[PDB]
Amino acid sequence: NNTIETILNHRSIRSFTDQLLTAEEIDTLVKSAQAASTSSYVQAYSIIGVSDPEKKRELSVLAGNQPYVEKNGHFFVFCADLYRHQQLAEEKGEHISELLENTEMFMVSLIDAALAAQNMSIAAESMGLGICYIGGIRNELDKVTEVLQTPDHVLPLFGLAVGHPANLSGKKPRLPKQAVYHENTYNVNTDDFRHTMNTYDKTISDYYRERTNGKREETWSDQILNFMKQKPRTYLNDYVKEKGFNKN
């Protein structure tokens, strides 16, 4: 069907026209996001739509100079949100902050926000729009919270750049099915692991050779390890706790 074709056709779009999203398109994207399943009906997230040129610019800089954060149809910031729940309880004369600060609630809010974001992404892609997630905002969350004026119990997780593509780019191959999908138990067989990872590394190296006309030939395992041990964002261990999450 058309939905599965749209899902499988996905690629990140990093080049957009200057055509802004309409209020109707933004409305549809937000409603689509909200329609996602939510743990215990908590809906533990918020979406900040950034259209202010100065704020889009600041976020682009904080994200590591990503121009598709400024130049797009709209920039959405997905947040883990337990502030709604804190304030909801204060209205009833209750002061429940300690209950919102454990690892369980941090997992709940991150998963809720991510399911909503992926619904927005599929909805945007079905309309012929392009998307790109922006985790780069996590380089400087203290400054991002100042740009967005987010209160305590609110954690920006990533942005989502949405717009009319100026360049369609191309699809990136995913891990072989047998690396990701396991039947009944997790497959720890070393021979199986080496065979799948060798095959994938060759697929990726060939992909870069083809895409760059021989200019790049890196494997997936070399690429992922190179970037993992770079800007590790260790400050988040304490910073998330400062915002009221994942404590103890």
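Heads up: residue numbers just count along the shown sequence, starting at 1.
Stretches compared: 49-57, 218-226. Higher mean C-alpha B-factor in the entry: 218-226.
In this entry, 227-235 shows the higher mean Cα temperature factor of the pair 227-235 and 15-23. Out of 104, 112, 91, 81, it is 91 whose C-alpha atom has the highest B-factor in the PDB entry. Across 160, 148, 116, 96, the entry's maximum B-factor at the CA atom is seen for 96. The entry lists a Cα temperature factor for residue 121 that places it in the lowest third of the chain's modelled residues.
Sorting the modelled residues of the chain by their CA temperature factor places residue 135 in the lowest third.
When the CA B factors of the chain's modelled residues are split into thirds, the value for residue 208 lands in the highest one. Among the modelled residues of its chain, residue 189 has a C-alpha B-factor that falls in the highest third, as given in the PDB entry. Residue-level temperature factors show residue 179 in the middle third of its chain, judged at the C-alpha atom.
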